[PDB]
Amino acid sequence: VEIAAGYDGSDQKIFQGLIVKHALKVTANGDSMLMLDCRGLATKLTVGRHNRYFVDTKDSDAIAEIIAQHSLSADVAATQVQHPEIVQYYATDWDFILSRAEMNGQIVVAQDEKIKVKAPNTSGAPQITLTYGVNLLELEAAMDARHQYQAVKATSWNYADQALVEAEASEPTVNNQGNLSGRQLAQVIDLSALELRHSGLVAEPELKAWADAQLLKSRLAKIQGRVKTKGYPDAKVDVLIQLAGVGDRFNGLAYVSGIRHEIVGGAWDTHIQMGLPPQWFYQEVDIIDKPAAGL
Amino acid sequence: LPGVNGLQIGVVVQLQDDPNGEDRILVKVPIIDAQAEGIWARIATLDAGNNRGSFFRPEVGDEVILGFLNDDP
Amino acid sequence: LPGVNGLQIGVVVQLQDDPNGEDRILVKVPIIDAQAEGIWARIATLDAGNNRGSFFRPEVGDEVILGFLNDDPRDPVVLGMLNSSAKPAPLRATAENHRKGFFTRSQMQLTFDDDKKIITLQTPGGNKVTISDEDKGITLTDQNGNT
Amino acid sequence: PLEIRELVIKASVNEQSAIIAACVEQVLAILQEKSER
Amino acid sequence: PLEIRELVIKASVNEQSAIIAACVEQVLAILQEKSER
Amino acid sequence: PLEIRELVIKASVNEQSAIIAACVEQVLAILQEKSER
Amino acid sequence: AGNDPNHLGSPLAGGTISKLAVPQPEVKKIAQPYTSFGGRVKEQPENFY
Amino acid sequence: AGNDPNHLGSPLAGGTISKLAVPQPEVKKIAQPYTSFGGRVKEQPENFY
């Protein structure tokens, strides 16, 4: 299935995927309809459990190989940490990829028979300006001080030295929005530092990447929001926009995370989501089996 | 990383030539992959110390029992 | 109580003076607190009974592996000692794997050799007892030259 | 809502759409808040 | 709904029953879909 | 409801408040009952 | 399989190949003690002229 | 990398450096037995005058 849309007969490709579900419905007053549910091609990655070894490779190589085995194009930015071993234990390809991507501070974008893994694009130029009182139909925005931290530390045990090893996170560089910094909000609760611990042999560079990912996770979720406007053909994710007309504390450059297009009865409007959620991927889904295999 | 429950069965592949001088053994797990050679594991013993301990080492093909630190594969 | 997953690493602090006569050892866990002295743990061994068993005890500073009963942090159990590059093993591993035995702190040895079929007991002073199939007999050697 | 996947899908073409939206933000707020200590 | 335990129980006898049913299929669809990868 | 945290918060000051409350007890009863054996 | 056009311009160093694409437990070791021989690249316009 | 202007005003004590920024398992130990030499701070207005 391929879907395109536009104004005045000049259409642009929006969606490409497969039909998965096929349903019928007749309601109380006699109306009857047929409903179709289409998903992208990346759904091929979420239908089984596999086991694999990798020796003396990087995360980017394992991810590229797992993607290529499904006849999809891969575009994976390289990592610098080389691992003596990586193990995929009785889990789905999608879950393994997302876990390893998040632990390196990267995001996954899937579309048009292509999968891209890379760091968030917060260094560009704005695409449009959305002003309250000029362009907007609906608006929501929010801050929450409890998700901000001052510092992050990670600790592990080194048996070659018989001692503990520790790494600290660095302050990330992000886009400018509002006149309150994450460090100022971090002093409401005033926790000295967040601390992560692991009893196995985790080396220096891996602990460093882990702590850096945690700080970036926390800073990218400072302000979250949603905007509704009229039909916008050139909408794209992973870009910057400029938000204005909402006061000193919310004006500035915002990062786009998602898009919805709705065409109902001839009307067309779009919704733009800004910001990322603060929770880790593994905290929201159940990606481990049950004891005794459930028998 | 996705974790592991309980204890597992392992099979010995190689005794010598540890890339690091840590006295580890190469073991594979048949329910993950019976074709690969596996990874290097540590040995818990009856007595161990600085140039001290009981030194018994299995042979290639012997069956062993495996645990995991912090449930990490 | 909030529980614990998997196995952990412990470090020995004290061997004697168990408040109760239960033969436990004081161990601390470095990822919980490396400054406190820890708690008393039980030892699982090769053989144990009423005035029976193998009696080997670690020394202060040795690294051990810990399990927990019912995943309760308050019930640790010692499952054996570990070697490392900072605490080397008494022998180097080979592909032929001919030598086995017990080695102690003072370098006294009780060893077996499966290549030549030899059993030997040695003391660092030079006193030696050898049962040998290559020599087809028994030999007692003293550090003074008595043979 | 602050998310795009929490928006209600519109399936009709001939005409109370602003009451099926207010009765959905209320349930999600009663249900999320139920998970914090 | 495709289930019988997801149907709304009717407790009144004297007479808007078709709006408390449409506002229940919408919430369950917003909530189920939130669990797939 | 038997709880105080399951009550709907009221945000308006100028005037259908008894339909956003009946459509909330129905969902919570359909959802709780779904967890018993 | 879609490689660099300049691969064939220099020999393969000894010790590069040691692995099987689909590994098997019956084989214990693979060795490449010497370099490769006999490659040649596809013509570019200047050499053509 | 944006440090104190008064760092270069005193020598580095012996035994301070023992770690690698990106550690490697082939190296087992690093040692600094003596102090540092040859530093000088940037001028302040009074010495300028």
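Residues numbered from 1 in each chain as written, not as in the entry; some residues may be left out. Chains lettered and ligands numbered in written order. Part of a larger assembly, values for the part shown. Heavy atoms only, no water.

Per the PDB entry, chain C goes by All3320 protein and derives from Nostoc sp.. Per the PDB header, the entry is named "Cryo-EM structure of the contractile injection system base plate from Anabaena PCC7120".

Per the PDB entry, chain B goes by All3320 protein and derives from Nostoc sp..

Helix and strand counts for chain B come out as 0 helices and 7 strands. Secondary structure of chain B in N-to-C order comes out as β-β-β-β-β-β-β. Taken along the three principal axes of its C-alpha coordinates, chain B extends 35 × 25 × 20 Å. Taken over 73 residues, chain B has a buried fraction of 41%. Across chain B, every contact between residues at least 6 apart in sequence was considered, and the portion connecting residues at least 24 apart equals 46%. Seen as two clouds, the 5 positive and the 12 negative side-chain charges of chain B have centres 5 Å apart. (Helix = DSSP H or I, 4+ residues; strand = E, 2+ residues; numbered from the N terminus. Buried < 20%, exposed > 50% of the residue type's maximum accessible area, 1.4 Å probe, protein only. Contact = heavy atoms within 4.5 Å. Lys, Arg positive; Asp, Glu negative; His and termini not counted. Charge placed at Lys NZ, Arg CZ, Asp CG, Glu CD.)

Right, let's talk about the overall build of chain C for a bit. Helices and strands together make up the secondary structure of chain C, namely 0 helices and 12 strands. Its C-alpha atoms give chain C principal-axis dimensions of roughly 65 × 35 × 30 Å. A total of 147 residues make up chain C; the buried ones form 29% of that total. In chain C, the proportion of contacts linking residues at least 24 apart, taken out of those at least 6 apart, comes to 28%.

Right, let's talk about the arrangement of the chains for a bit. The assembly contains 11 pairs of chains in contact; the pair sharing the most contacts is chains B and C. There is no contact between chain B and chain E; across them, the least C-alpha separation is 16 Å. Across the gap from chain E to chain H, with no contact made, the nearest C-alpha atoms are 36 Å apart.

Turning our eyes to something else, we now look at unusual backbone geometry. The residue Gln162(A) is not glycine, and still its phi comes out positive at about 60°. Looking at the secondary structure, you find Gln162(A) in the loop between strand 12 (152-158) and strand 13 (163-168). The class for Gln162(A) is partly exposed, based on a relative accessible area of 22%. Located in the positive-phi region is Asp71(B), a residue other than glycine, with phi close to 60°. Classification of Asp71(B) as partly exposed rests on a relative accessible area of 23%.

Once that is clear, we can look at the sheet that holds strand 14 (residues 194-197) of chain A. Picture the strands of a sheet paired through backbone hydrogen bonds; they go either parallel or antiparallel. Residues and elements named next belong to chain A. Ordered in space as 13-12-14, the 3 strands form an open sheet in which the pairing is mixed. Every interior strand has two partners, whereas the edge strands, strand 13 and strand 14, have only one. On average, each strand axis in the sheet is inclined to that of its neighbour by 25°, with strand direction left out of account. Lying on the sheet, helix 4 (residues 204-219) is in contact with strand 12, strand 13 and strand 14; it crosses strand 13 at an angle near 40°. (Pairing = 2+ DSSP bridges. Axes fitted to C-alpha atoms, helices over the stretch in contact; angles between N-to-C directions.)

Time to look at the interface of chain B and chain C. Across the boundary between the two partners, chain B contributes 28 residues, which contact 37 residues of chain C. Summed over the three residues of chain B that lose the most area to chain C, namely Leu46(B), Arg52(B) and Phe55(B), the buried surface amounts to 24% of that side. Our count for the chain B to chain C interface comes out at 3 salt bridges. Residue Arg42(B) is joined to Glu63(C) by a salt bridge in which the shortest nitrogen-to-oxygen separation is 3.4 Å. Taken together, the connections running from chain B to chain C amount to 12 residue pairs in polar contact. Looking at the side of chain B that touches chain C, the elements that each hand over two or more residues are strand 4 (44-45), strand 5 (48-49) and strand 6 (52-55) of chain B. (Buried area = accessible area lost by both parts, 1.4 Å probe. Salt bridge = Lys/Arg side-chain N within 4 Å of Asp/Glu carboxyl O. Polar contact = N/O pair within 3.5 Å; in protein donor to acceptor, adjacent residues only side chain to side chain.)

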